[PDB]
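*Asks:* One structure follows; several queries about it will come next.
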Amino acid sequence: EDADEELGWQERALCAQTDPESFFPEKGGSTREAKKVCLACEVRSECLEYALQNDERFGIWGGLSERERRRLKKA
Amino acid sequence: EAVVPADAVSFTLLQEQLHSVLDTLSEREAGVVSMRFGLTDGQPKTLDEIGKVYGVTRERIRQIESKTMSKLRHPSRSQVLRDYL
Amino acid sequence: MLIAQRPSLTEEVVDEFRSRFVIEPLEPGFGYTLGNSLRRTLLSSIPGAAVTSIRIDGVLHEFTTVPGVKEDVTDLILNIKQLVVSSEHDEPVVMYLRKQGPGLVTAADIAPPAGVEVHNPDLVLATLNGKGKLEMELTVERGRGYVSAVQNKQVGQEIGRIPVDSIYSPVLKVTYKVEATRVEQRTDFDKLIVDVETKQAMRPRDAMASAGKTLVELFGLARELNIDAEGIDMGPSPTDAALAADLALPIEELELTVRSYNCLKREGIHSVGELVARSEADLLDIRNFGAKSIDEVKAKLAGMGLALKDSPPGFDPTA
Amino acid sequence: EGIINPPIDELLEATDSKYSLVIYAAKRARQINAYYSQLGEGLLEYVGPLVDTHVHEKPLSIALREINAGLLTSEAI
Amino acid sequence: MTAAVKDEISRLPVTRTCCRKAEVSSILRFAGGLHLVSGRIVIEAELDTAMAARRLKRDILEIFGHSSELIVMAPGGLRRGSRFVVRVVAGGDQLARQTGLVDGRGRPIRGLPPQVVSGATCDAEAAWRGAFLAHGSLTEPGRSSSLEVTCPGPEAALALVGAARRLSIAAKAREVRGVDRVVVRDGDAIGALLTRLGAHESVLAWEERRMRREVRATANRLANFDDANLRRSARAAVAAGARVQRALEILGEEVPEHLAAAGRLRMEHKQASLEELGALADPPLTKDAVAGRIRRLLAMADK
DNA sequence: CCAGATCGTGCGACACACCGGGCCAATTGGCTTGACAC
DNA sequence: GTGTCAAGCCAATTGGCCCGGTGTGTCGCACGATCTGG
Ligand code: SF4
Ligand SMILES: [Zn+2]
Numbered sequence: 011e012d013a014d015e016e017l018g019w020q021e022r023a024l025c026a027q028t029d030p031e032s033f034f035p036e037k038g039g040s041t042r043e044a045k046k047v048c049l050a051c052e053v054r055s056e057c058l059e060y061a062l063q064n065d066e067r068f069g070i071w072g073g074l075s076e077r078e079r080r081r082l083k084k085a
Numbered sequence: 430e431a432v433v434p435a436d437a438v439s440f441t442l443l444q445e446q447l448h449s450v451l452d453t454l455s456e457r458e459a460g461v462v463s464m465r466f467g468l469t470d471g472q473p474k475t476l477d478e479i480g481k482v483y484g485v486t487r488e489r490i491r492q493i494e495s496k497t498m499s500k501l502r503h504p505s506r507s508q509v510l511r512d513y514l
Numbered sequence: 001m002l003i004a005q006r007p008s009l010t011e012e013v014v015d016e017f018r019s020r021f022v023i024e025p026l027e028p029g030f031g032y033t034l035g036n037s038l039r040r041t042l043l044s045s046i047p048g049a050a051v052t053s054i055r056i057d058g059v060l061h062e063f064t065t066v067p068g069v070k071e072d073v074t075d076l077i078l079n080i081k082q083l084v085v086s087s088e089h090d091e092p093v094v095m096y097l098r099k100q101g102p103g104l105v106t107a108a109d110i111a112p113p114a115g116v117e118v119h120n121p122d123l124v125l126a127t128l129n130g131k132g133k134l135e136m137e138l139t140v141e142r143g144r145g146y147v148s149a150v151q152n153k154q155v156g157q158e159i160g161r162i163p164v165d166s167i168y169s170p171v172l173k174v175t176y177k178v179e180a181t182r183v184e185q186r187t188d189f190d191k192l193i194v195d196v197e198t199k200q201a202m203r204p205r206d207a208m209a210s211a212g213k214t215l216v217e218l219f220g221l222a223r224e225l226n227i228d229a230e231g232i233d234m235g236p237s238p239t240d241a242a243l244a245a246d247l248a249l250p251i252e253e254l255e256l257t258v259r260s261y262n263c264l265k266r267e268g269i270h271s272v273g274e275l276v277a278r279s280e281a282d283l284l285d286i287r288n289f290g291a292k293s294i295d296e297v298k299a300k301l302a303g304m305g306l307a308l309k310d311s312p313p314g315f316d317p318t319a
Numbered sequence: 009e010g011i012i013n014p015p016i017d018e019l020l021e022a023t024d025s026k027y028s029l030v031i032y033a034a035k036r037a038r039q040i041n042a043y044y045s046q047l048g049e050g051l052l053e054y055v056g057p058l059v060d061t062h063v064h065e066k067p068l069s070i071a072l073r074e075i076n077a078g079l080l081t082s083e084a085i
Numbered sequence: 001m002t003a004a005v006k007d008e009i010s011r012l013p014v015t016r017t018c019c020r021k022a023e024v025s026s027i028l029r030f031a032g033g034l035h036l037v038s039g040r041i042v043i044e045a046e047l048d049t050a051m052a053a054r055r056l057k058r059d060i061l062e063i064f065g066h067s068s069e070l071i072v073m074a075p076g077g078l079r080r081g082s083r084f085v086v087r088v089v090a091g092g093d094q095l096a097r098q099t100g101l102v103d104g105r106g107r108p109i110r111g112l113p114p115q116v117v118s119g120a121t122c123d124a125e126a127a128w129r130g131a132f133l134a135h136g137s138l139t140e141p142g143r144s145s146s147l148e149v150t151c152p153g154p155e156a157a158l159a160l161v162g163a164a165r166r167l168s169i170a171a172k173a174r175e176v177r178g179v180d181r182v183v184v185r186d187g188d189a190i191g192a193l194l195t196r197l198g199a200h201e202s203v204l205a206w207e208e209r210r211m212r213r214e215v216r217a218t219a220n221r222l223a224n225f226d227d228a229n230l231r232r233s234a235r236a237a238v239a240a241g242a243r244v245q246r247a248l249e250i251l252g253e254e255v256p257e258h259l260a261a262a263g264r265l266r267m268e269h270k271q272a273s274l275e276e277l278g279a280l281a282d283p284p285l286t287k288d289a290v291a292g293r294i295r296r297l298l299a300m301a302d303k
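Sequence lines, in order, name chains H, F, B, E and I. Per the entry's author numbering, the very first residue in the first sequence carries number 11; after that it's consecutive. Per the entry's author numbering, the very first residue in the second sequence carries number 430; after that it's consecutive. Per the entry's author numbering, the very first residue in the third sequence carries number 1; after that it's consecutive. Per the entry's author numbering, the very first residue in the fourth sequence carries number 9; after that it's consecutive. Per the entry's author numbering, the very first residue in the fifth sequence carries number 1; after that it's consecutive.
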């Protein structure tokens, strides 16, 4: 369009159009919904890179949970 | 060293937006964040006092703060607050 | 080059015979290139018919008054001048008015010969008092624009002839103006407003069409110098531009009998254009033919009005 | 059309002078603006507009139109 | 059935600007589309409701500043729907950009706009009002009911679920054969939600209906609620018999032997199952024959 | 003509559709306990 | 007394992932009726 400017990859996150509470389950909640949503987001690689760089162990980023991020970070 | 009206109105809008965003969270999470950063009274509090009021461990209180802090810094609730930073 | 914004013409009706046309949005300038041209062509380039001279009676040039009639010579001439007539004879044609007695002599009392007509019989031409008589003759002929009695004075002298000004042009008054109209794009795009007022005979729209045709001919006269010369291309002609939505569509049909669609699909027809034209012979000769199938490819084929054996646009398939 | 609508002569037939008309129209405009601002929240005494409006019309113009049409009355307190 | 509830919802007066913007965005996101033409964009919205088309038209014009068309060509294309298609041509690109459908200088947006999400709870109520107006169905799989709205994608379904959560309600996304929807199975939750949207008369009618009907003890469990469901499919066959009496009002158009016999067996044995009815034929015909015969009887009596 | 498209008819296949009933898994959320830095 | 990290365990979720009745409807197709048309 005529915006001619991009703030970054945040503006192009699919999860913005979806329940923000579904990415932080609670009391035995599931993860299939958010993980399925992430697999269509275009900036998934950028989201995962940002999550790894900031090394936060809460919520799910890039389509992976906290445990998956820990396992990936082990190497 | 005067009050620029644009900056004052911007700060007031930021305060309103922060209160609105913190409302979407649960009561416990919003309360712990408010009493940790002292939004209501401007008096920062230690983790142990927060646990005392909540009757939980200090480390457990530290756990809650991190969860909410990451929740706000997510690519689903950040864009409502990105501009003000 | 491409104009990139095709101007449009819109009419408004003020009275029975008064209109106001708006052309917009014209490129910067171009509100004066074709404003004075339209006004002058309207006012001086449309054929008409009018009275040229009159013969009130055997006695005249007593300008003080014509005996028997209340008014004077000048008022009578003006009333005659207001008359609107239509004629077909190239040569002048003479008609007579023979009202008698007291009363109000009007246009309906005239006795035009064949080939001429008077469009406002209700016009009042004079008033007769004291059992007066008014035996008048009117000569009518065709012309263009406004030509005065000067250029109509006759060297040959006749006792009763009196030449009068002739108003041939159907349009009586034309005015125009231009304004700025663009906000979205850059300003300085011209909007042209022309107010036209004619007489009872002709409507403003016909006058506008005739003037446009005459100007188109006049400027084609110069465009003929080198036909392969680039100009400003309007581009999307409205007629075919609109009809492209249904005439040259690749899809042969959307809703119709499946039997006929299947039969005609694998027989040498893909886009409705290939079928609209040369339909009868193609449907007859080849194995694919139907008696009542015509009803499905003749009447229901006209999505928005169409008959077969019609010339199809876009004969080149955009493969 | 624009800032010359409605005409001042027609408006002055509904009041005593320009000075009173100014305050009359200003008070009505403030009422309309307050009604718009608090329309979503709990109901309040404010009412109007009483005439057809546009997408984003100045409340003062609506107040002047209402005054001209004769849908308002001014008392003395 | 639903039409009355949708009418009550639409006739309701809405005041807060944010709610109106959210409702317009939701309706445009569910039952509307973009039709690229001449390198520009035009917006169409097909609604299967009486006046919600006027509501969307007025809201667009007032809060966004645009002029609509409201062509009443039926949406189904067969002219039977008699439902309204509102179009925006001039400036529709700006409406698309500032309603949330398309933003970020890129493709359209799959789910609900980011602005409707993350807003006051009233904003979520408006989002549900719009979504339930676009599509919807108030089904009764038995005596207790279940709402339904066929969202145009999993992202929209999940967004609606999340918006429901903020209203204290319980919602469940679901998908079948590639088309997905949102279902709230619990009847009490159904009433709770339908109260928020604005409808009350419809809420009262639904509450009285379900309350009176549901209180039919059948020991639950299998073969005790399952027999209750055979009887409920028999009540569905009673509705089919009502369709057969509609066919009788039409006279059935001098039907042949097979369909007449099938209808007679269904009516006389109003509780007998399709298999049981088929077992009653002189030449024993299977459940398939009765199924096809009722299918074709309904097709014939459609008029 | 009479033969395929469309549909009547009919038989079956099969995907649910319950409607509940239950064993186990993910993961994981919450809480604590200890340990290490002030 | 505070502010981090680093494990560790139990528990109610959802959820996977099934058993077990019929039952129903969408398709998936054979025969055949009827119709419209090569
Ligand atoms: S990958 Fe990141 S940005 Fe994309 S939907 Fe998932 S959490 Fe949002
Ligand atoms: Zn709201």
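Where is the CB? At the ideal position from N, CA and C, for every residue including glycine.
#1: Going by the DSSP bridge assignment, what does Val93 (chain B) pair with across the sheet?
#2: Measuring CB atoms only, is the stretch 26-33 of chain H touching the stretch 103-112 of chain I, in the sense that at least three cross pairs come out at less than 8 Å?
#3: Would a check of beta-carbon distances place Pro114 (chain I) closer than 8 Å to chain H?
#4: Go through its chain and collect everything with a Cβ distance to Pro28 (chain B)'s Cβ below 8 Å, but skip five positions before and after it.
#5: If you measure from the beta carbon of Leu47 (chain E) to each beta carbon in chain I, is any gap under 8 Å?
#6: If you draw a straight line from the alpha carbon of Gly130 (chain B) to that of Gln100 (chain B), how long is it in whole angstroms?
#7: Following the continuous alpha helix (DSSP H) through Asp227 (chain I), name the residue where it begins and the one where it ends.
#8: What do you reckon, are the CB atoms on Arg161 (chain B) and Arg55 (chain B) nearer than 8 Å?
#9: Identify the contact partners of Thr453 (chain F) in chain I, using a Cβ-Cβ distance below 8 Å as the criterion.
#10: Could you tell me whether any non-hydrogen atom of ligand 1 is closer than 7 Å to the CB of residue 123 (chain H)?
#11: Please indicate yes or no: does the CB of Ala42 (chain E) lie closer than 7 Å to some heavy atom of ligand 3?
#12: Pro35 (chain H) CB to nearest chain I CB: under 8 Å?
#13: State yes or no: is the beta carbon of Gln446 (chain F) nearer than 8 Å to at least one beta carbon in chain H?
#14: First and last residue of the beta strand (DSSP E) that includes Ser19 (chain B)?
#15: Just to confirm before moving on: does the CB-CB distance between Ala299 (chain B) and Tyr168 (chain B) stay below 8 Å?
#16: So what's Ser25 (chain E) in DSSP terms, helix, strand or just coil?
#17: Look up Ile54 (chain B) in the DSSP assignment and say whether it is helix, strand or coil.
#18: Just confirm the distance between the C-beta atoms of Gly104 (chain I) and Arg22 (chain H), as a whole number of angstroms; I'd bet it's less than 8 Å.
#19: Keeping to the same chain, check which residues put their C-beta closer than 6 Å to that of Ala134 (chain I); ignore five residues upstream and five downstream.
#20: Taking the continuous beta strand (DSSP E) assigned at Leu47 (chain I), which residues delimit it?
#21: Against chain E, with Cβ distances strictly below 8 Å, would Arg16 (chain I) count as a contact?
#22: Can you tell me whether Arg465 (chain F) is buried or exposed? The criterion is at least 16 other CB atoms within 10 Å of its CB, across all chains shown.
#23: Can you give the Cα-Cα distance for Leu58 (chain H) and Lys172 (chain I), rounded to whole angstroms?
#24: Which runs of the alpha helix (DSSP H) spanning at least 4 residues fall entirely within the stretch 72-133 of chain I, listed in chain order?
#25: Whole angstroms are fine: how far does the CA of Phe84 (chain I) sit from the CA of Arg165 (chain I)?
#26: Does the stretch 2-12 of chain B touch the stretch 233-253 of chain B, meaning 3 or more C-beta pairs lie closer than 8 Å?
#27: Which term fits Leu218 (chain B), buried or exposed, when burial requires 16 or more other beta carbons within 10 angstroms of its beta carbon?
#28: I'd like to check one pair, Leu47 (chain I) with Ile41 (chain I): are the Cβ atoms closer than 8 Å?
#29: By the criterion of Cβ-Cβ separation under 8 Å, what are the contact partners of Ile109 (chain I) in chain H?
#30: Does the beta-carbon distance from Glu44 (chain I) to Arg87 (chain I) come in below 8 Å?
#31: Would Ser507 (chain F) count as contacting chain H if we go by Cβ distances under 8 Å?
#32: Measuring only the C-alpha atoms, how far is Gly212 (chain B) from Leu38 (chain B)?
#33: Can you name the start and end residues of the alpha helix (DSSP H) that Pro163 (chain B) belongs to?
#34: Under the three-state reduction of DSSP, which class applies to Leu172 (chain B): helix, strand or coil?
#35: So is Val63 (chain E) in contact with chain I if we call contact Cβ pairs under 8 Å?
#36: Taking C-alpha atoms, which residue in I:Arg266, I:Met300 and I:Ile294 lies nearest to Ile250 (chain I)?
*Replies:* Once the coordinates are examined:
#1: Position 93 of the third sequence, counted from the start, is the residue given in the question as residue 93 (chain B). B:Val140, per the DSSP bridge assignment.
#2: yes
#3: Here the question's residue 114 (chain I) lines up with position 114 in the fifth sequence. Yes, because at least one Cβ of chain H sits closer than 8 Å to the Cβ of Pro114 (chain I).
#4: As a working mapping, residue 28 (chain B) is identified with position 28 in the third sequence. Cβ neighbours of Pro28 (chain B) beyond the five flanking positions: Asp188, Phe189 and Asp190.
#5: Your numbering for residue 47 (chain E) matches position 39 in the fourth sequence. It does; some Cβ of chain I falls within 8 Å.
#6: On the third sequence, position 130 is the one that residue 130 (chain B) refers to. On the third sequence, position 100 is the one that residue 100 (chain B) refers to. The alpha-carbon atoms of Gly130 (chain B) and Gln100 (chain B) are separated by roughly 10 Å.
#7: In the fifth sequence, the residue the question calls residue 227 (chain I) occupies position 227. That run of the alpha helix (DSSP H) goes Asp226 to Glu249.
#8: What you label residue 161 (chain B) is simply residue 161 of the third sequence in a count that begins at 1. What you label residue 55 (chain B) is simply residue 55 of the third sequence in a count that begins at 1. Yes, Cβ-Cβ distance for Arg161 (chain B) and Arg55 (chain B) is below 8 Å.
#9: Residue numbering aside, residue 453 (chain F) sits at position 24 when the second sequence is read from its first letter. Within 8 Å Cβ-Cβ: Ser118 and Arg166.
#10: Lying outside 11 to 85, the shown extent of chain H, residue 123 (chain H) is not represented and no answer is given.
#11: The ligand content of the structure shown is limited to ligand 1 and ligand 2, which means ligand 3 is not among them.
#12: For the purposes of this step, residue 35 (chain H) is identified with residue 25 of the first sequence, where counting begins at 1. No, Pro35 (chain H) does not count as interfacial toward chain I.
#13: Locating residue 446 (chain F) in the second sequence gives position 17, where the first residue counts as 1. Not one chain H Cβ lies under 8 Å of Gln446 (chain F).
#14: For the purposes of this step, residue 19 (chain B) is taken as residue 19 along the third sequence, with counting starting at 1. Element bounds for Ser19 (chain B): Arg18 to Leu26.
#15: Reading the third sequence from its first residue, position 299 is the one you call residue 299 (chain B). Reading the third sequence from its first residue, position 168 is the one you call residue 168 (chain B). The answer is no: Cβ separation not under 8 Å.
#16: Position 17 of the fourth sequence, counting from 1, holds the residue named residue 25 (chain E). In this structure, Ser25 (chain E) counts as coil in the three-state DSSP scheme.
#17: Here the question's residue 54 (chain B) lines up with position 54 in the third sequence. Note: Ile54 (chain B) maps to strand in three-state DSSP.
#18: Within the fifth sequence, the letter at position 104 stands for residue 104 (chain I). Within the first sequence, the letter at position 12 stands for residue 22 (chain H). Yes, they are in contact, since the Cβ atoms of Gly104 (chain I) and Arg22 (chain H) sit about 6 Å apart, within 8 Å.
#19: Walking along the fifth sequence from the start, residue 134 (chain I) turns up at place 134. Same-chain partners within the cutoff: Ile27, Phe30 and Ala31.
#20: Within the fifth sequence, the letter at position 47 stands for residue 47 (chain I). Looking at the DSSP string, the run of the beta strand (DSSP E) that includes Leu47 (chain I) is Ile43 to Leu47.
#21: Locating residue 16 (chain I) in the fifth sequence gives position 16, where the first residue counts as 1. Yes, because at least one Cβ of chain E sits closer than 8 Å to the Cβ of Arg16 (chain I).
#22: Translated into the one-based positions of the second sequence, residue 465 (chain F) becomes position 36. Its Cβ being crowded by 16 or more others within 10 Å, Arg465 (chain F) is buried.
#23: On the first sequence, position 48 is the one that residue 58 (chain H) refers to. On the fifth sequence, position 172 is the one that residue 172 (chain I) refers to. The alpha-carbon atoms of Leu58 (chain H) and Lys172 (chain I) are separated by roughly 28 Å.
#24: 92-99
#25: Position 165 of the fifth sequence, counting from 1, holds the residue named residue 165 (chain I). Position 84 of the fifth sequence, counting from 1, holds the residue named residue 84 (chain I). Cα to Cα, the separation comes out at about 32 Å.
#26: yes
#27: Counting from one through the third sequence, the residue named residue 218 (chain B) turns up at place 218. The residue in question, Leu218 (chain B), is exposed, as its Cβ has fewer than 16 Cβ neighbours within 10 Å.
#28: In the fifth sequence, residue 41 (chain I) corresponds to position 41, counting from 1. In the fifth sequence, residue 47 (chain I) corresponds to position 47, counting from 1. Not closer than 8 Å, so no.
#29: The residue you call residue 109 (chain I) lines up with position 109 of the fifth sequence. In chain order: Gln27.
#30: Walking along the fifth sequence from the start, residue 44 (chain I) turns up at place 44. Walking along the fifth sequence from the start, residue 87 (chain I) turns up at place 87. In contact: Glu44 (chain I) and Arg87 (chain I) (Cβ atoms closer than 8 Å).
#31: Locating residue 507 (chain F) in the second sequence gives position 78, where the first residue counts as 1. Yes, its Cβ sits closer than 8 Å to a Cβ of chain H.
#32: As a first step, residue 212 (chain B) must be located in the third sequence, where it is residue number 212. As a first step, residue 38 (chain B) must be located in the third sequence, where it is residue number 38. Cα-Cα distance, rounded: 7 Å.
#33: To locate residue 163 (chain B), count along the third sequence from 1; it is residue 163. No alpha helix (DSSP H) holds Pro163 (chain B); the beta strand (DSSP E) holding it covers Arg161 to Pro163.
#34: As a position in the third sequence, residue 172 (chain B) is number 172, starting the count at 1. Three-state result, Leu172 (chain B): strand.
#35: For this step, residue 63 (chain E) is matched to residue 55 along the fourth sequence. True, the Cβ-Cβ gap to chain I drops below 8 Å.
#36: Stepping through the fifth sequence from its first residue, residue 250 (chain I) is reached at position 250. It is I:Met300.
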